[PDB]
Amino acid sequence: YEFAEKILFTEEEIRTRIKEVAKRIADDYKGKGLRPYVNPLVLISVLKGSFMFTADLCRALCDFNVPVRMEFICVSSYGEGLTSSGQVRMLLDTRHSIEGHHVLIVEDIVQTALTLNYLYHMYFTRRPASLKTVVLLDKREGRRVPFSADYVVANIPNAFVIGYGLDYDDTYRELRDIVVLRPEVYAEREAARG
């Protein structure tokens, strides 16, 4: 990748970690007696970024016999930029009610936690049986509001990461690996956009 300063995680590494994480989620939900049709774990995929993690994670969950039901929502905050707008926009909410169900929000990354905080305060009022979160990437020290995800695949530095669903101006989401975008690349774009 010419635009990458460096590769954080290759596809195999990501695959390996998602497996371990799905195994834990399976052990943790064993006592809930999740079952298809009547008691699936509701996975809430936060678009656009969570699309790839969600696809690979539901399969790893399936490997461990954890029955799921997918809900796709869409929330926007960064837009074409590199930093939080300070605003979280709900572009698409769940199709069904989460009341009484075990819900697990699936996110690609958490930084300021404005997004997950907005989501949690919205969904908690809906009375789900339980509400947890799994984030592929966590920038621990980037919080503007506190938030502790239930499952973190990896902690990372505050630099701008792309690939595997993560974008910079709706680009690079397709990469198989997670990489650090060179500031010179995004700066040229930010400039051209300005």
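Position 1 is the first residue in the sequence shown; the rest follow in order.
Chemist: Per the record, averaged over C-alpha atoms, which has the higher B-factor: 155-163 or 22-30?
Modeler: That would be 155-163.
Chemist: So 84-92 or 108-116, which one's hotter by mean CA B-factor in the entry?
Modeler: If you average the C-alpha B-factors of 84-92 and of 108-116, the larger mean comes out for 84-92.
Chemist: Tell me which of 132, 59, 140, 69 tops the list for C-alpha B factor in the record.
Modeler: Most elevated C-alpha B-factor of the set, per the entry: 140.
Chemist: Against its chain's modelled residues, does residue 176's Cα B factor rank lowest, middle or highest third?
Modeler: For residue 176, the deposited C-alpha B-factor lands in the middle third.
Chemist: Comparing residue 136 with the other modelled residues of its chain, is its CA B-factor in the lowest, middle or highest third?
Modeler: Middle third, going by the recorded CA B-factors of the chain.
Chemist: Comparing residue 148 with the other modelled residues of its chain, is its CA B-factor in the lowest, middle or highest third?
Modeler: Lowest third, going by the recorded CA B-factors of the chain.
Chemist: Test of reading the entry: by CA B factor among the chain's modelled residues, which third contains residue 45?
Modeler: Answer is middle: the recorded C-alpha B-factor places it there.
Chemist: Comparing residue 73 with the other modelled residues of its chain, is its CA B-factor in the lowest, middle or highest third?
Modeler: It falls in the bottom third of the chain.
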